[PDB]
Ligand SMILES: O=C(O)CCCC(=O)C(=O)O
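The form solved without the ligand is given below as one chain in structure tokens.
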């Protein structure tokens, strides 16, 4: 279920990462390698991860995209996708994001979890995930597809590490007992104006299901979710463009707010 040569995987990884590192958008890689499979795309993504680790980056978490059944159906995919988060992606709550290091960023409001017990697939589901959750933490992702392309292409997006680039944790942490994730309301404000609303249920119907799907996805490559893993479970809100000068604040029901300043 792979069509790329290893040489092509390595080259695509270098090419795609270079788009991020040099803040230069590129054509979607499936235009040049149309046979690419998801396995190919993850090969590329994990090779990007290796390149980052090899230069000393710590990988500090994972993120989930396509966490909408409607969107999945639209894309003709049966599962979400994931990407990894590098240490330098992290931005503190209220902190600065330098848009000059980004291409055409957008933000999505999410709820993240930190696990306290290992999880694995295949066949992982919500019930398995519950006992493994340490706490939840409001998180805003800055996503920034390295592609010039207007239309979403899941395989190219996976290869591009699911468009990951920054994440801002903030608000207040909470145990599962303290929060109802499905009805957890989120209000995204940009420059003082409410721009998106949504609830945690927008992630698959239940944000913790994302963790289970992640575990099953990882199991496809013989990996799992170690205890202590930070996972951004998926965009609750539609993604919102951000540009220099923008200030955002995302309020989470009972969990305070996450803010960032874009310069």
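In this text, the rigid core denotes the largest set of C-alpha atoms whose superposition between the two forms falls within 1.5 Å. Only residues modelled in both forms are compared. Positions refer to the first chain, counted from 1.
Unshown form solved in complex with the ligand; subsequent notes refer to it.
Proximity to the ligand in the deposited bound form, taken as heavy atoms within 4.5 Å, picks out 67-75 from the listed stretches 90-98, 178-186, 67-75, 114-122.
Contact with the ligand in the deposited bound form, judged by any heavy atom within 4.5 Å, is made by just one of 143, 137, 155, 86: 143. For residue 235, a non-hydrogen atom is located within 4.5 Å of the ligand in the deposited bound form, even though that partner is not displayed. A residue is said to contact a partner when one of its heavy atoms sits within 4.5 Å of a partner heavy atom; residue 162 meets this definition for the ligand in the deposited bound form.
Every Cα shifting by 2 Å or more, across three or more consecutive residues, marks a moved region; comparing between the shown form and the other one on the rigid core, these regions are 68-79, 149-152.
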